[PDB]
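Breakdown of the fold
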Amino acid sequence: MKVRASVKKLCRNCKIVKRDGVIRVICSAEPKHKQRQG
Amino acid sequence: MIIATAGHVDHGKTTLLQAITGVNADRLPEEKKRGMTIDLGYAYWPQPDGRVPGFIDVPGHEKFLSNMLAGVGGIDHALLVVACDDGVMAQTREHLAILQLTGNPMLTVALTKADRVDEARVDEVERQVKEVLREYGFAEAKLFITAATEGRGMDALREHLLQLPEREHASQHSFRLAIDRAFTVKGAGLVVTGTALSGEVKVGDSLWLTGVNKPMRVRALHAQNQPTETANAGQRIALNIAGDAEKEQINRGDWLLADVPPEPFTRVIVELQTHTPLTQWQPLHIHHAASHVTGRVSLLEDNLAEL
Amino acid sequence: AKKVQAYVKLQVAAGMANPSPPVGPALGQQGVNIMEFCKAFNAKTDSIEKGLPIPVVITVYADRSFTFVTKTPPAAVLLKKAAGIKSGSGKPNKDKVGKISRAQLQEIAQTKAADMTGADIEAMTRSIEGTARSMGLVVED
RNA sequence: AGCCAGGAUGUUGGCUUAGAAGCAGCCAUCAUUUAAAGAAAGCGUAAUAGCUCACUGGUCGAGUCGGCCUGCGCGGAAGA
RNA sequence: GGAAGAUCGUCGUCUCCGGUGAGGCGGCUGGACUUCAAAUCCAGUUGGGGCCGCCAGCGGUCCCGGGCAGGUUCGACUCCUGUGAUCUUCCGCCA
Ligand SMILES: Nc1nc2c(ncn2[C@@H]2O[C@H](COP(=O)(O)OP(=O)(O)NP(=O)(O)O)[C@@H](O)[C@H]2O)c(=O)[nH]1
Ligand SMILES: [Mg+2]
Ligand SMILES: [Zn+2]
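As documented in the archive entry, the model was determined using cryo-EM at 5.3 Å resolution.

So, the protein's contact with RNA strand D
Residues and elements named next belong to chain C. Lining the immediate surroundings of RNA strand D are 33 residues, of which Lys-91, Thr-117, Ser-127, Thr-131 and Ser-134 lie closest. Taken together, the sugar and phosphate atoms account for 56% of what RNA strand D places within 4 Å of the protein. The side chain of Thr-131 places a nitrogen or oxygen atom 2.4 Å from a base oxygen of RNA strand D. When residues of the surface near RNA strand D are assigned to their parent elements, the largest contribution, seven residues, is made by helix α4 (residues 121-133).

So, the coordination of the magnesium ion (ligand 2)
At this site the magnesium ion (ligand 2) is bound by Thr14(B) (OG1) and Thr37(B) (OG1), with donor distances of 2.2 to 2.3 Å. Taken together, the residues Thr14(B) in helix α1 (residues 13-20) and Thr37(B) in the loop between α2 (29-34) and β2 (41-44) connect sequence positions 23 residues apart.

Comments concerning the protein's contact with RNA strand E
Around RNA strand E, the surrounding shell holds 29 residues, and the nearest of these are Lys63(B), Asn67(B), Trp281(B), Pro21(C) and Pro22(C). Each atom of RNA strand E within 4 Å of the protein belongs either to a base or to sugar and phosphate, the latter forming 82%. A distance of 2.4 Å separates a sugar or linking oxygen of RNA strand E from a polar side-chain atom of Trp281(B). The set of elements that each furnish at least two residues to the surface near RNA strand E consists of α2, β16 (282-288) and β17 (291-300) of chain B.

Topic: helix α6 (residues 154-163) of chain B
Residues and elements named next belong to chain B. Residues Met-154, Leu-157, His-160 and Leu-161 constitute the buried set of α6. The arc that holds every buried residue of α6, seen down its axis, measures 120 degrees, which confines them to one face. Exposed residues pointing more than 90 degrees away from the buried face of α6 are listed as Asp-155, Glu-159 and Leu-162. The secondary structure elements touched by the buried residues of α6 are β1 (3-7), α1, β4 (77-83), β5 (107-112) and β6 (144-145).

Some thoughts on the pattern of salt bridges
Residues and elements named next belong to chain B. What the rule picks out here adds up to 15 salt bridges over all chains. Here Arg-121 ties to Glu-124 by a salt bridge, and the two come within 3.2 Å at their closest N and O atoms. Of this pair, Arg-121 and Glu-124 both sit in helix α5 (residues 119-135), separated by three residues, roughly a single helical turn. One salt-bridge network, in which partners are shared between bridges, spans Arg-27, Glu-31 and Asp-39.

Here we look at the packing of aromatic side chains
Tallying each qualifying case throughout the model produces three aromatic pairs over all chains. With centroids separated by 6.4 Å and ring planes inclined at 75 degrees, the aromatic side chains of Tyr42(B) and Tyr44(B) adopt a geometry described as edge-to-face. Neither residue differs from the other here; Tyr42(B) and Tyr44(B) are each classed as buried. Taking NZ or CZ as reference, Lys2(C) lies 4.2 Å from the ring centre of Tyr61(C), over its face.

A few points about empty space enclosed by the protein
Residues and elements named next belong to chain C. Under the criterion given, the structure shown has nine cavities of 30 Å³ or more. Every residue lining the largest cavity is counted, 14 residues in all, and those nearest its centre are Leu-79, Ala-83, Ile-100, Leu-105 and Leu-137. Elements represented by at least two residues in the lining of the largest cavity include exactly α3 (102-108) and α4. For the lining of the largest cavity, the per-class residue count stands at nine nonpolar, two polar and three charged.

Some thoughts on the pairing of strand β2 (residues 22-27) of chain A
A regular strand places its side chains so that they alternate between the two faces of the sheet. All names here are of chain A. Within β2, five of the six residues are buried, which leaves the element mostly enclosed by the surrounding structure. Taken together, the six bridges between strand β1 (residues 14-19) and β2 define a ladder with antiparallel strand orientation. Bridging from a neighbouring strand, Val-17 pairs with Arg-24 of β2. Taken together, β1 and the strand that follows it, β2, pair antiparallel across an intervening segment of two residues, in which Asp-20 is found at a positive phi of about 55 degrees. Relative to strand β3 (residues 35-36), β2 is paired through two bridges, and the arrangement is antiparallel. Note that in β3 the partner of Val-25 across the bridge is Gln-35.

Observations regarding the state of the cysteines
Residues and elements named next belong to chain A. Tallying each qualifying case throughout the model produces one disulfide over all chains. Residue pairing for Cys-11: its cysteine sulfur links by disulfide to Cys-27, the two sulfurs lying 2.1 Å apart. Across the S-S bond of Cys-11 and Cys-27 the torsion is about 115 degrees, and the bridge reads as right-handed. Placement of the pair is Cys-11 in the segment before β1 and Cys-27 in strand β2, with a sequence separation of 16 residues. The class of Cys-11 is buried, set by a relative accessible area of 15%.

Quick look at the sheet that holds strand β15 (residues 269-271) of chain B
Residues and elements named next belong to chain B. Across the sheet, four strands lie side by side as β15-β18-β17-β16; this open sheet has antiparallel pairing. Both outer strands of the open sheet, β15 and β16, are each paired with one neighbouring strand and no more. Within the sheet, the average angular offset between the axes of one strand and its neighbour, ignoring direction, is 45 degrees. As paired elements, β17 and strand β18 (residues 304-306) share three bridges and run antiparallel to each other. Across the sheet, residue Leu-299 finds its bridge partner in β18, namely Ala-305.

What to know about the site of ligand 1
Residues and elements named next belong to chain B. The environment of ligand 1 is formed by 18 residues, the closest being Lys-13, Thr-14, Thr-15, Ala-148 and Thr-149. Here an oxygen atom of ligand 1 and a backbone polar atom of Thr-14 are 2.4 Å apart. Within the backbone of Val-58, a nitrogen or oxygen atom sits 3.2 Å from an oxygen atom of ligand 1. Its free accessible area being 670 Å², ligand 1 has 78% of it covered by the protein chains. With three residues, the single largest contributor to the shell around ligand 1 is α1.

Things to note about the UniProt feature "domain: tr-type G" in chain B
Per the UniProt annotation, the sites labelled "domain: tr-type G" are residues 1-173 of chain B. What you have in residues 1-173 of chain B is 35% helix and 16% strand, and the ends, taken at the C-alpha atoms, are 21 Å apart.

Cut-off values and rules
- Residues numbered from 1 in each chain as written, not as in the entry; some residues may be left out.
- Chains lettered and ligands numbered in written order.
- Part of a larger assembly, values for the part shown.
- Heavy atoms only, no water.
- Near = heavy atom within 4 Å.
- Polar contact = N/O pair within 3.5 Å; in protein donor to acceptor, adjacent residues only side chain to side chain.
- Helix = DSSP H or I, 4+ residues; strand = E, 2+ residues; numbered from the N terminus.
- Donors = N, O, S within 2.8 Å, 3.2 Å for Na, K, Ca; no water.
- Buried < 20%, exposed > 50% of the residue type's maximum accessible area, 1.4 Å probe, protein only.
- Arc of directions from axis to C-beta.
- Contact = heavy atoms within 4.5 Å.
- Salt bridge = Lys/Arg side-chain N within 4 Å of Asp/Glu carboxyl O.
- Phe/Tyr/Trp six-rings, centres within 6.5 Å; stacked < 30°, edge-to-face > 60°.
- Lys NZ or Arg CZ within 6 Å of the ring centre and 35° of its normal.
- 1 Å grid on protein atoms, 1.4 Å probe; cavity = no way out; pocket = protein on both sides within 12 Å on 5 of 7 lines; lining within 4 Å.
- Points joined across faces, edges and corners; volume = space filled by probe spheres on them.
- Nonpolar A, V, L, I, M, F, W, Y, C, P; charged D, E, K, R; others polar.
- Pairing = 2+ DSSP bridges.
- Disulfide = S-S within 2.5 Å.
- Axes fitted to C-alpha atoms, helices over the stretch in contact; angles between N-to-C directions.
- Areas by Shrake-Rupley, 256 points an atom, 1.4 Å probe, with all protein chains shown as cover.
- UniProt positions renumbered as here; feature names shortened; annotations may be inferred.

Written out as structure tokens, the structure is:
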């Protein structure tokens, strides 16, 4: 989790999802890549 | 009838000794503070019969092994306590191997924790012990299954205790004493306690203390909580001695004996018996009764070695 | 002898039986007898020349041994010792390591021809030579 | 697009050797078995096993790929 | 004895170091070395071991050396576990 304003994809398993209207990044295999509010 | 108790730690060996003798083995505050037998403690069982069997409780720890090695000198009989809960422990098997190598004439296996286990486990551990005896080349052994807190096996144990030989010694042997615990009592000097390998001693006798290299007159002695004018080999001997020697030079594993030894030698040959063969010129611990040494072994013909 | 378990084509030079520093325990991790990798290891070793780092297939099973077959010497060092000049470049376009001719390597490689893939003999020839030319040597043509 | 399967061998590849073998790089910058096979796009690891992916097949059955101009909205946006 | 701690090279001190051991510092022995010094390097601290020819009073073999042993780990003085040894401090030495 990090609130950085630019949430570019980092691994192939990273995928954008819009939850509660804010978009998220979740890299299934690699938790550290998880991001917020791009 | 000296019976030294050995076995893996906290398997009731102290409880057994309080059951038979009721002696408090602890002496140093730390072992009192920590509740374990950190170091050797002694029990004795005086009787109207006039013999006092000797009891030596020892740590089952390898770092503490150097003290147990202090206690294994002069044993008449060895009793390895084994809790029925886990059966024989690895420390117990180690002690069994050490007794087989030392050539102890006989040893008794005493099974504890018997009340907590069902009898089926009793017979199973009994079988397992009787198999292990053959593994170590043990001949006679009398297995006693008992809850020492309950006093269960006491009567069965008694007959065996009376069976145990006290070693005889020929009158013609140079007196030899292995020092164990040197502690002054405020009365009358040093009194150092140790096992007598051979010979008799009296208060008028002069002895020769090794490692201090000084003669020492005997002030007094107690045979086994049994003060007397004379002492014979085959028991722990409290020995109160005078002379120029002082505790700073005194060391456990120093010998007290009738005449000045020729000076100690590092090199020695030894017959080997081993569960598996040793290799030439390798570092190892030499452990002798009350003696720690470090040395390298070498192989000569077959089960012959140079230390 | 059984379904796939261990085997891959990897081993050191044929002069080192059961190597300890690059490998040691790593070769003993599974249940093949160590003897296979020392005594039977010299079988292909001195059969040709000592210390040919031929990869060997050994499917370690729990069922005593596995068939010994030390097959193909690696082409890389084979294009060193066979050419005779062990040195090279690693700079394919930036320098020319040297030159041999079709007569040596094209004849040498045929010993491996039974195992090497190819449509025809020359499919293997250009395939090795395209690798050998890319080794920085410019072979005669 | 899923689903089902493949996705080589000389490959511990010249240098440079703890070892970099598709997996920093010297350099991989070939070609070939056939469907291609990246002298390799990810990770795993000292690098190989290991799985993947690009890539080439099979099932499926009607629409589908990735950008440019774009108009309007979202985050970035905390004070008494 | 017990608990905890420091140290244990390959001449000493230190930096160390997991890529294969190296280096900074130092004392001394000489050489190159001057009238002596000083300095620079060189050369060197040569170490041990089972065994050998031995008493050869020594010299070799192979092997090893960060006290020694053990394991990693792919590879250890290097990481770590022990092991003692010396060394620091403290707990009690109760026939
Ligand atoms: N159920 C049961 N438990 C027992 C018996 N005897 C001893 N124990 C257990 O053993 C514990 C005491 O062990 P102790 O005798 O001090 O051990 P130790 O073997 O003498 N110590 P060390 O080996 O160092 O000399 C008691 O707390 C008790 O739980 C017994 O007869 N029955
Ligand atoms: Mg006890
Ligand atoms: Zn990512």
